[PDB]
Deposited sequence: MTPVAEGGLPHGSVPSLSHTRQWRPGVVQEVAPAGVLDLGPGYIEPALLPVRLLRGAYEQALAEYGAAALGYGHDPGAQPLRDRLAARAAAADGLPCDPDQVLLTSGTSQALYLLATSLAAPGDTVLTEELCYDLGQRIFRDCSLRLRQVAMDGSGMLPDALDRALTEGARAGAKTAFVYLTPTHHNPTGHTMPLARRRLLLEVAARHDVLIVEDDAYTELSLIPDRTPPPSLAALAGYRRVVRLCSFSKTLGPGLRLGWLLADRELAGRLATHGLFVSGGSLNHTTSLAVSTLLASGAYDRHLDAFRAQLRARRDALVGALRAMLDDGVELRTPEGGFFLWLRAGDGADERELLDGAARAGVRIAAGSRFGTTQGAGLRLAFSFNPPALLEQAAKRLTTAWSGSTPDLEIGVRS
């Protein structure tokens, strides 16, 4: 482009990145950040600054729960977003929410235990839980997420059948795939149900910083609303700075965070991603992280609006995140709609990957392509579906 940038695609190829769609396909499938938008040059400066500032400490074993400057700032950010306190001793760094989920699925759950999810939820997270030998059971949901009465019944009947529910897994903000955000009242009702049953909630909040309506912020987290009692919240830098960095964090009450941090995993290896955590820490410290979020939210808003505008079959416009959730209103089945996408040369994500739908649902990402290409994809899709 016309401004200095390292965000080229010369190595955006199979064997380097996770997946590349077939040549000639306009790819609205994965919730990936458009390559040109990935902040490569910003991270280059961050590694340069972190290695200069932290010196040899950047390459030694890191403080087990994560370097304190990052714990301190991450706690302050959570508190500012929630309007509710969060102490640094509640923060544990991770090497990404994928690893965090593996950790919780094998440390706070045992093979055979049940995990309760919404009818629709993160498809790859389900695979982590299943591959860790956990049993998944879906709970009824509406446009605001999991239904308290259904969770209550599911937990009651599980207990009556003698089944151990290890935890309830929830993505309450900019839901993958529906885009919904659970409102405050529903958050409280679910917490009250889970508290009565004394069941842990795992709150996966990967899109929390990606509200697209400027000066609008999501409701407080389940974890904060519960005073961090029996809730673990998972956050990540994947959807804000780059998934390849393999860096995230975990918020819990002091006792649970401390218990987790004394696991041999941390005692042996130290901070789960020390060098990269220090790079990112310099971005939080300087204000560059928030400047980058302001730009990225604006980039996502432009893309969301282009795709929605070109598409305007039902769609609830999301307040944030990466995805639009299209619902057939006329009874068209998912296979026919996907066949239409194939005719259009457009890749989208089948709703059935995420669970049970009211009729056909389709997830379209706006995070991976510029507005003009999203409009082209929308035009080709609507021609094919016509």
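Visitor: Provide the list of deposited-sequence positions lacking C-alpha coordinates, grouped into contiguous ranges.
Guide: No C-alpha for residues 1 to 11, 324 to 329, 404 to 415.
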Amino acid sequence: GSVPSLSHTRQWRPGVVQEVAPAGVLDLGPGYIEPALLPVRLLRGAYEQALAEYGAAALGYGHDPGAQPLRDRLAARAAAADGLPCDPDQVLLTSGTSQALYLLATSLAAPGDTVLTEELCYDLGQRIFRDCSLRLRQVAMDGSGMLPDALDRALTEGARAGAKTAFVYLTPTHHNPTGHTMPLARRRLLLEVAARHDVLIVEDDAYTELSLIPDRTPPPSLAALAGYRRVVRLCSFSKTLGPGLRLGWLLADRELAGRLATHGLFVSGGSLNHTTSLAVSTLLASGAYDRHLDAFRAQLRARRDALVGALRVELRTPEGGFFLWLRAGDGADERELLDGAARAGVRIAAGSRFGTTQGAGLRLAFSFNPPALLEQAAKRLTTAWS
From here on, numbers count along this sequence of modelled residues.
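Visitor: Once you work out the mean C-alpha B-factor for both 43 to 51 and 350 to 358 from the entry, which is higher?
Guide: Higher mean C-alpha B-factor in the PDB entry: 350 to 358.
Visitor: With respect to the recorded C-alpha B factors, which stretch has the higher mean value, 161 to 169 or 213 to 221?
Guide: Of 213 to 221 and 161 to 169, the stretch with the higher C-alpha B-factor average is 213 to 221.
Visitor: Whose CA atom has the top B-factor in the entry, of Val20, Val16, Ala365, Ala372?
Guide: Most elevated C-alpha B-factor of the set, per the entry: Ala372.
Visitor: According to the deposited entry, which of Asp333, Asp27, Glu34, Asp64 has the largest Cα B-factor?
Guide: Comparing C-alpha B-factors across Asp333, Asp27, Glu34, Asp64, the maximum falls on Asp333.
Visitor: When the deposited Cα B-factors of this chain's modelled residues are ordered and cut into thirds, is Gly321 in the lowest, the middle or the highest one?
Guide: For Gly321, the deposited C-alpha B-factor lands in the middle third.
Visitor: Taking the entry's C-alpha B-factors for this chain, is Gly269 in the lowest, middle or highest third?
Guide: Middle third, going by the recorded CA B-factors of the chain.
Visitor: Ordered by C-alpha B-factor within the chain, which third holds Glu255? Give me lowest, middle or highest, please.
Guide: Within its chain, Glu255 is a highest-third residue by C-alpha B-factor, going by the deposited values.
Visitor: Could you look up the Cα B-factor of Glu314 in the entry and say which third of the chain it sits in: lowest, middle or highest?
Guide: Ranked within chain, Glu314 CA B lands in the highest tercile.
Visitor: By the recorded C-alpha temperature factor, relative to the other modelled residues in its chain, which third is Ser286 in?
Guide: Middle third of the chain for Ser286's C-alpha B-factor.
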